[PDB]
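These notes are about the structure you will find just below.
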Amino acid sequence: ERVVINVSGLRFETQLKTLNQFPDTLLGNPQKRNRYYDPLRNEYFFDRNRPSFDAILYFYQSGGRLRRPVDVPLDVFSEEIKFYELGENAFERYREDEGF
């Protein structure tokens, strides 16, 4: 199944297996991402920061590689990884990498 994730108009596509590999994340948990399902367009819609998403998605494709894009403020991106609930063990690697 191809999944279409629509972030403020920018559509990202990925395979269901890819998201499911991190089952305790907003996107990896059907009960969580479904709260965001758009029945009308058959895609999940997020009214959020666009540039932060390449990184949220690569996190799943890469097997857990969490890198903030150079042009996304520390605070914007941190709010985003928190919302997508990427997990304590990655918020940590993220913290070590950033300075705190």
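Following the order of the structure tokens, first chain is A, next is B, and so on, with residues numbered from 1 inside each chain and ligands from 1 in the order they appear.
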Exercise for the section: Give me the residues within 8 Å of residue 51 in chain A as a PyMOL selection string, counting only C-alpha atoms and dropping any in the same chain fewer than 2 places off. Expected result: chain A and resi 49+53-54+69+72
Exercise for the section: Identify all residues of chain A in alpha helix (DSSP H) (DSSP on the backbone) and supply them as a ChimeraX atom specification. Expected result: /A:16-20,30-33,53-61,74-83,88-98
Atoms kept (N, CA and C atoms) for selection, written as a CSV table (one decimal), in the first residue's frame:
```
chain,number,residue,atom,x,y,z
A,16,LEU,N,3.6,1.4,3.4
A,16,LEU,CA,3.0,1.2,4.7
A,16,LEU,C,4.0,0.5,5.6
A,17,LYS,N,4.8,-0.4,5.1
A,17,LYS,CA,5.8,-1.2,5.8
A,17,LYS,C,6.8,-0.2,6.4
A,18,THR,N,7.2,0.8,5.6
A,18,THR,CA,8.2,1.8,6.0
A,18,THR,C,7.7,2.5,7.3
A,19,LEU,N,6.5,2.9,7.3
A,19,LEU,CA,6.0,3.6,8.5
A,19,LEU,C,5.9,2.6,9.7
A,20,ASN,N,5.3,1.5,9.4
A,20,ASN,CA,5.1,0.5,10.5
A,20,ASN,C,6.4,0.1,11.2
A,30,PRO,N,-1.4,2.9,13.5
A,30,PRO,CA,-2.7,3.2,12.8
A,30,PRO,C,-3.7,4.0,13.7
A,31,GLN,N,-3.8,3.7,15.0
A,31,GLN,CA,-4.8,4.4,15.8
A,31,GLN,C,-4.4,5.9,16.0
A,32,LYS,N,-3.2,6.2,15.7
A,32,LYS,CA,-2.8,7.6,15.9
A,32,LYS,C,-2.8,8.4,14.5
A,33,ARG,N,-2.3,7.8,13.5
A,33,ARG,CA,-2.3,8.5,12.2
A,33,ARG,C,-3.7,8.6,11.7
A,53,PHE,N,9.4,18.0,7.4
A,53,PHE,CA,9.0,16.7,7.0
A,53,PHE,C,9.9,15.8,6.2
A,54,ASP,N,10.8,16.3,5.4
A,54,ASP,CA,11.8,15.4,4.7
A,54,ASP,C,12.4,14.6,5.7
A,55,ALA,N,12.9,15.3,6.8
A,55,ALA,CA,13.6,14.7,7.9
A,55,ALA,C,12.7,13.7,8.7
A,56,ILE,N,11.4,14.0,8.9
A,56,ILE,CA,10.6,13.0,9.7
A,56,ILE,C,10.5,11.7,8.9
A,57,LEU,N,10.3,11.9,7.6
A,57,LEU,CA,10.2,10.7,6.7
A,57,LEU,C,11.5,9.9,6.5
A,58,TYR,N,12.6,10.6,6.4
A,58,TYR,CA,13.9,9.9,6.2
A,58,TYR,C,14.2,9.1,7.4
A,59,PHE,N,13.7,9.6,8.6
A,59,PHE,CA,13.9,8.9,9.8
A,59,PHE,C,13.4,7.4,9.7
A,60,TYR,N,12.2,7.2,9.1
A,60,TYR,CA,11.7,5.9,8.9
A,60,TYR,C,12.4,5.1,7.7
A,61,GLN,N,12.7,5.8,6.6
A,61,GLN,CA,13.4,5.1,5.5
A,61,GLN,C,14.8,4.7,5.9
A,74,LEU,N,16.0,25.2,15.6
A,74,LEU,CA,16.1,24.2,16.7
A,74,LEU,C,14.7,24.0,17.3
A,75,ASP,N,14.0,25.1,17.6
A,75,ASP,CA,12.7,25.0,18.2
A,75,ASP,C,11.6,24.5,17.3
A,76,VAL,N,11.6,24.9,16.1
A,76,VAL,CA,10.6,24.4,15.2
A,76,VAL,C,10.7,22.9,15.1
A,77,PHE,N,11.8,22.4,14.7
A,77,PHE,CA,12.1,21.0,14.5
A,77,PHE,C,11.8,20.1,15.8
A,78,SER,N,12.2,20.7,16.9
A,78,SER,CA,12.0,19.9,18.2
A,78,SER,C,10.5,19.8,18.4
A,79,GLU,N,9.7,20.8,18.1
A,79,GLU,CA,8.3,20.7,18.3
A,79,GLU,C,7.8,19.6,17.4
A,80,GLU,N,8.3,19.6,16.2
A,80,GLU,CA,7.9,18.6,15.2
A,80,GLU,C,8.2,17.1,15.6
A,81,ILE,N,9.5,16.9,16.0
A,81,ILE,CA,9.7,15.5,16.4
A,81,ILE,C,8.9,15.1,17.6
A,82,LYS,N,8.5,16.1,18.4
A,82,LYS,CA,7.7,15.8,19.6
A,82,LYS,C,6.3,15.4,19.2
A,83,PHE,N,5.8,16.2,18.2
A,83,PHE,CA,4.4,15.9,17.7
A,83,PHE,C,4.3,14.6,17.0
A,88,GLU,N,11.6,8.5,22.9
A,88,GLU,CA,12.6,9.0,23.8
A,88,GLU,C,14.0,8.7,23.4
A,89,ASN,N,14.3,7.5,22.9
A,89,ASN,CA,15.6,7.1,22.5
A,89,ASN,C,16.2,7.9,21.2
A,90,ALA,N,15.3,8.7,20.6
A,90,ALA,CA,15.8,9.4,19.4
A,90,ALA,C,15.8,10.9,19.7
A,91,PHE,N,15.0,11.2,20.7
A,91,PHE,CA,14.9,12.6,21.1
A,91,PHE,C,16.3,12.8,21.8
A,92,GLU,N,16.8,11.7,22.4
A,92,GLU,CA,18.1,11.7,23.1
A,92,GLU,C,19.2,11.9,22.1
A,93,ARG,N,19.3,11.0,21.1
A,93,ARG,CA,20.4,11.1,20.1
A,93,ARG,C,20.3,12.5,19.5
A,94,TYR,N,19.1,13.0,19.4
A,94,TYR,CA,18.9,14.3,18.8
A,94,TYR,C,19.5,15.4,19.7
A,95,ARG,N,19.2,15.2,21.0
A,95,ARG,CA,19.7,16.2,22.0
A,95,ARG,C,21.2,16.1,22.0
A,96,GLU,N,21.8,15.0,22.2
A,96,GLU,CA,23.3,14.9,22.2
A,96,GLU,C,23.9,15.6,21.0
A,97,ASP,N,23.3,15.3,19.8
A,97,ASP,CA,23.8,15.9,18.5
A,97,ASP,C,23.7,17.5,18.4
A,98,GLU,N,22.7,18.0,19.1
A,98,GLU,CA,22.5,19.5,19.0
A,98,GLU,C,23.1,20.3,20.1
```
Fill in the blank from the handout: residue 3 in chain A proximity check over A:100, A:84, A:36, A:44, using only C-alpha atoms: winner is A:44
Contacts of residue 11 in chain A at 9 Å (only C-alpha atoms; same-chain gap of 4+ positions) as a PDB file with C-alpha atoms, in the first residue's frame:
```
ATOM      1  CA  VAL A   4       0.150   9.641   0.835  1.00  0.00           C
ATOM      2  CA  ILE A   5       1.053  12.061   3.614  1.00  0.00           C
ATOM      3  CA  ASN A   6      -0.051  15.584   2.868  1.00  0.00           C
ATOM      4  CA  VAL A   7       1.773  18.251   4.819  1.00  0.00           C
ATOM      5  CA  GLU A  43      -4.382  10.652   2.365  1.00  0.00           C
ATOM      6  CA  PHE A  45      -3.223  15.564   6.182  1.00  0.00           C
TER       7      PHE A  45
END
```
